[PDB]
């Protein structure tokens, strides 16, 4: 009677090991080797318009100059998807011969079939490599692009009670359906890791966080080898409270506890926490700013106008809508909800469109 095959597995794991923390449930829903969302089955910015990849390609050129124009620049992308974003970025960079020949592309992709389509699309370009993990990428100054990477990492949640903060968990309800629950005992020194203000939250407040593992790795690399990383995702600028754990459907948001393994899950990225982690180990944070402000400062409006002027009526209309979806607000536009933050080698004092005020 279980809604999905994974649901059956989860319920069994709960009866066997006890309440399952939210982060674990999200991890299983997305990565189960047999029933994960990714293992089994165009809204992203690069799929929406060629302009996204092109502009990040040109932003990468600005970083190259800020890094003293290294003869070898590693252009690393974490989670290339179909490889569309990289194709567009490379096409824009091809216009600058010197830099184009100083590039070495490194796409980190764990999935096989996903790695294959990426290989056929970029089959024509030389100096392109694939890696199972960020760690396998050769050393050297780099430009790291991470679009929607952090938003799909398992989210950890805790709820404020008289006794302190207890981890939020998943349990089995009366009808045998999955439900949200609260851990028996509070997390030891949780308050000691919370931003001062959040400590004064009233009962029932929900605090969300993710371990700093990934950001520390990315921040360590640029600090040690040079360059900068660009992180783009749905999130907020200041650490705060609130539950943002949701399933994402094609034209709306959905209940995260429904159809485990068959739904794409997400949670806001805390850009305040990302910046702090970067600074804690010596790397320099830039921004953060809204996606809309970032792209407009890079000249997306002028590029859009140029493409519209030379396009057929329908394509021109498609470009105009793409511009709004990428930089405006309302009706599902992501210009305000998506944010951008840069993390660089401390030697680099400013990054274009982020801290060049």
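Positions refer to the first chain, counted from 1.
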item: Residue 42 preceded by how many uncoordinated deposited residues after residue 41; value: 4 to 9
item: Residue range whose averaged C-alpha B-factor is higher in the record, 240 to 248 or 67 to 75; value: 67 to 75
item: Mean temperature factor over C-alpha atoms, higher-scoring stretch between 157 to 165 and 271 to 279; value: 157 to 165
item: Per the PDB entry, maximal CA B factor within 210, 91, 115, 221; value: 115
item: Criterion, highest CA B-factor; candidates, 125, 87, 144, 263; value: 125
item: Cα B factor band for residue 134 (lowest, middle or highest third within the chain); value: highest
item: B-factor third for the C-alpha atom of residue 32 within its chain; value: highest
item: Third of the chain's Cα B-factor distribution that residue 341 belongs to, per the entry; value: lowest
item: Chain thirds of CA B-factor: placement of residue 21; value: middle
item: Within-chain third of residue 174 by Cα B-factor, per the entry; value: highest
